[PDB]
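Order-wise, the sequence lines are chains S and X.
Quick note on our numbering: the first sequence kicks off at 1 and runs consecutively.
Quick note on our numbering: the second sequence kicks off at 1001 and runs consecutively.
Cβ atoms here follow ideal geometry from the backbone N, Cα and C, with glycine treated the same way.
Comments concern the structure below.
Number of protein chains: 2
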Amino acid sequence: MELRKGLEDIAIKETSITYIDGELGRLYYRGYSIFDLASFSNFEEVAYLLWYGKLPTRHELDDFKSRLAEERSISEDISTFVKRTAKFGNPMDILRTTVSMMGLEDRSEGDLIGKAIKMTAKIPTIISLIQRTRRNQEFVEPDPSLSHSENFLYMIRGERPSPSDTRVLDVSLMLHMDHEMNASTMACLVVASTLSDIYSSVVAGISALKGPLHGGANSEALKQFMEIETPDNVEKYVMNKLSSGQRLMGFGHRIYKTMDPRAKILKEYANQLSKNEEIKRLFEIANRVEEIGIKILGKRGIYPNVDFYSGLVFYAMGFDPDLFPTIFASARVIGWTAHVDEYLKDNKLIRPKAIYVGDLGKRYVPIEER
Amino acid sequence: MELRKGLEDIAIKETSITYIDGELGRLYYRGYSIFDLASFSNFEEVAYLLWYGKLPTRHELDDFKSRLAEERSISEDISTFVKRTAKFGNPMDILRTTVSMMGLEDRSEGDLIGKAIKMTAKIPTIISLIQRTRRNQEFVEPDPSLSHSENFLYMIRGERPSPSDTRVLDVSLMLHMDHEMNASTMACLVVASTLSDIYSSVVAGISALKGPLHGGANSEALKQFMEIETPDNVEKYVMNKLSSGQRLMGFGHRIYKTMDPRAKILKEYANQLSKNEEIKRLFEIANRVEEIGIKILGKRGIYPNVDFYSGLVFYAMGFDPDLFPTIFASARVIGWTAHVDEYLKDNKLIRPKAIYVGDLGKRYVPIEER
């Protein structure tokens, strides 16, 4: 009878997957600090951790790396669809549609985690074919001898990347794998709660993640940096924005009351990129914007979010800005699917109510009297 | 903090669309009783009411009927996809994918209700192409001179239906158009709340409605009556089901604690259907299941819901059983889109939380030490 619009501070599940410490700027996956996983872990090891609940042994990780690598190919129907639509379609619409097709095409029963592994393996293949097609370049098929992040860069560039580029992509993807209960994870859980299949869940996740208010899954901050153009123009550009009551993009969180830990980590790993003159300039710009933003907005609890740096990092590695939401999905599908698996251990239908405003029992007025 | 798992009795929005009286078994659309609308309205008039918030004039309804009729065709790319997938694919996955394709191709801005009208006009064409393809029958194109429900039966059967058959389908569809904040409507709203597009919302609605604890139940209720096989076996089958703690399909509701008004109306209208020996038998079985279920489960507020008779009604009208959730969606899309339009007048991101019950501060052990 009290409205809880937006479900602010309403707990919909218990979890052991991800803990966010909003106050102190900390984030844990299955009890491990995101700082330590970024320092020492890798895409496949964290995907193992999130899905199976423990760090893998050497043998377990070797088997699991093989399993992912051998599930990367996409169907002819899907690849043809991507080629047809890459240049005209919204990339999140393309990804929504191709994961829907993937689900339609998979007639096997059960095996949530096996289907999660398929989606996680194949999404980069789809994203890469979008990017290659837009540039009038040929599809680069996945190379199952390569690890996840190395292969992802190989499929964009058509040649094997540097180990430093690979490492930066690997960390940037680990940083996006889960964030507890956001709108997209909630969409996945509403669908799963009906005992619909895991592809249907993920399709709803993608559908939610497209929306600009989701948070995190946009390149708005990168666009800002590009519009600033030169480091010497930062103070003036920011002045034009703040004076007119516009936000600095990449700042603010509903959750962290300090620097987002994912932003801190990306800023550090960005140093390890080799940068052409454009990227170096864009990082100088971003750093200056960050400095001014923190002086002005810091006291109001407004700090850089993960998407202050994420779009610039993905751009630096050769992705078009408007693919960035797809890349987010490529990592977050692991969290989505882990959350669904956890919930379904003790499922409950999600079925809220509304508060009704209006008269009841109106007389049906026949059409000739209206 | 309290776990509100399932969101039982949490209100997520203010609404003027649908009021459910769970204790007395009453249902209103914009304050008009479902019984009066079944008696005297029609698919197009109720759609108008739900989208535009008032009963149409004669002129307004005539224009709106034409507008729907003119938008029933589907693009060749979509029909090709349906024909290619219909024999082996799950119908709700086909429908999920086609709506996803429609959205991808419509990058036009705003016009939520215009897009809703398009989806509502085209979904029956898609469903009909699935059924015709599966039966190795030639596609029957929509006839713009026919109204919504007459046209739907014409496309399925390849023959113009009786006025009585038309009325039974038309009523059956009206009964499914909206039901306040059920799980599929909640999926649509979570997605809309991010400012994702209306097709993304509807794709998430389809994804949820598929599940057998939601719209998928209608197929499961008919499957239950077929499994019972003979009226004589009803008592034995039902008692074993209840002894073993298995659910009677098409019984119970999160809101109704009495007979669902939609079930009452379906049962009444089902009387006008001509029934061969198979259909007569299944109705006898259903009626007996209803009686024993009400006797035993009605004592604790568990009664037939809309899914109890809907599948049998659709089956009796010549639809394949696998299609019943798609037919649900063909009507519910109006309510989904109306709910989204209402919500977006004052949007708020839907972002709940989790309660963390795992470990924290675990030391990362490098792989060689595991």
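What are the residues that DSSP puts in a beta bridge with residue i?
i, result
"residue 1355 of chain X", "S:14"
"residue 1149 of chain X", "DSSP lists no partner for residue 1149 of chain X."
"residue 370 of chain S", "Looking at the DSSP assignment, residue 370 of chain S forms no beta bridge with any residue, so it has no partner."
"residue 1189 of chain X", "Its beta-bridge partners do not exist; DSSP assigns none."
"residue 32 of chain S", "S:29 and X:1362"
"residue 1003 of chain X", "S:11"
Residue i CB to nearest chain X CB: under 8 Å?
i, result
"residue 218 of chain S", "no"
"residue 368 of chain S", "yes"
"residue 78 of chain S", "no"
"residue 247 of chain S", "no"
"residue 285 of chain S", "no"
"residue 30 of chain S", "yes"
"residue 14 of chain S", "yes"
"residue 36 of chain S", "yes"
"residue 289 of chain S", "no"
"residue 214 of chain S", "yes"
"residue 392 of chain S", "One cannot answer for residue 392 of chain S here, as it falls past the ends of chain S, which runs 1 to 370."
"residue 354 of chain S", "yes"
"residue 186 of chain S", "yes"
"residue 372 of chain S", "Limits of chain S in this structure are 1 at one end and 370 at the other, which puts residue 372 of chain S out of reach."
"residue 132 of chain S", "no"
"residue 171 of chain S", "no"
"residue 24 of chain S", "no"
"residue 276 of chain S", "no"
"residue 96 of chain S", "yes"
Grouping DSSP H, G and I as helix and E and B as strand, with all else coil, what is residue i?
i, result
"residue 332 of chain S", "helix"
"residue 279 of chain S", "helix"
"residue 1251 of chain X", "strand"
"residue 1302 of chain X", "coil"
"residue 130 of chain S", "helix"
"residue 20 of chain S", "strand"
"residue 1072 of chain X", "coil"
"residue 87 of chain S", "coil"
"residue 195 of chain S", "coil"
"residue 1345 of chain X", "helix"
"residue 1169 of chain X", "helix"
"residue 213 of chain S", "coil"
"residue 231 of chain S", "helix"
"residue 220 of chain S", "helix"
"residue 1054 of chain X", "coil"
"residue 59 of chain S", "helix"
"residue 1160 of chain X", "coil"
Can you name the residues of chain C whose CB is closer than 9 Å to the CB of residue i?
i, result
"residue 1 of chain S", "Absent from the structure is chain C; the protein chains it does hold are S and X."
Suppose contacts are defined by Cβ-Cβ distances below 8 Å. Is residue i in contact with residue j by that definition?
i, j, result
"residue 35 of chain S", "residue 265 of chain S", "yes"
"residue 201 of chain S", "residue 340 of chain S", "yes"
"residue 183 of chain S", "residue 1333 of chain X", "no"
"residue 307 of chain S", "residue 218 of chain S", "yes"
"residue 305 of chain S", "residue 216 of chain S", "yes"
"residue 207 of chain S", "residue 281 of chain S", "no"
"residue 1116 of chain X", "residue 1017 of chain X", "no"
"residue 1312 of chain X", "residue 1251 of chain X", "no"
"residue 231 of chain S", "residue 277 of chain S", "no"
"residue 1014 of chain X", "residue 24 of chain S", "no"
"residue 1342 of chain X", "residue 1292 of chain X", "no"
"residue 1263 of chain X", "residue 1309 of chain X", "yes"
"residue 124 of chain S", "residue 174 of chain S", "no"
"residue 7 of chain S", "residue 1351 of chain X", "yes"
Using a Cβ-Cβ distance under 8 Å, would residue i count as near chain S?
i, result
"residue 1182 of chain X", "yes"
"residue 1119 of chain X", "no"
"residue 1179 of chain X", "no"
"residue 1055 of chain X", "yes"
"residue 1050 of chain X", "no"
"residue 1075 of chain X", "no"
"residue 1208 of chain X", "yes"
"residue 1101 of chain X", "yes"
Taking residue i and residue j to be in contact with their CB atoms under 8 Å, please state how far apart those CB atoms are, rounded to whole angstroms.
i, j, result
"residue 140 of chain S", "residue 132 of chain S", "6 Å"
"residue 130 of chain S", "residue 163 of chain S", "Between residue 163 of chain S and residue 130 of chain S the Cβ distance is about 26 Å, and since that is not below 8 Å, they are no contact."
"residue 29 of chain S", "residue 50 of chain S", "6 Å"
"residue 1344 of chain X", "residue 1192 of chain X", "6 Å"
"residue 101 of chain S", "residue 88 of chain S", "That belief does not hold up - the Cβ atoms of residue 101 of chain S and residue 88 of chain S are roughly 18 Å apart, past 8 Å."
"residue 221 of chain S", "residue 275 of chain S", "The pair is not a contact, with the Cβ atoms about 17 Å apart (cut-off 8 Å)."
"residue 1185 of chain X", "residue 213 of chain S", "Not really, about 19 Å apart at Cβ, beyond 8 Å."
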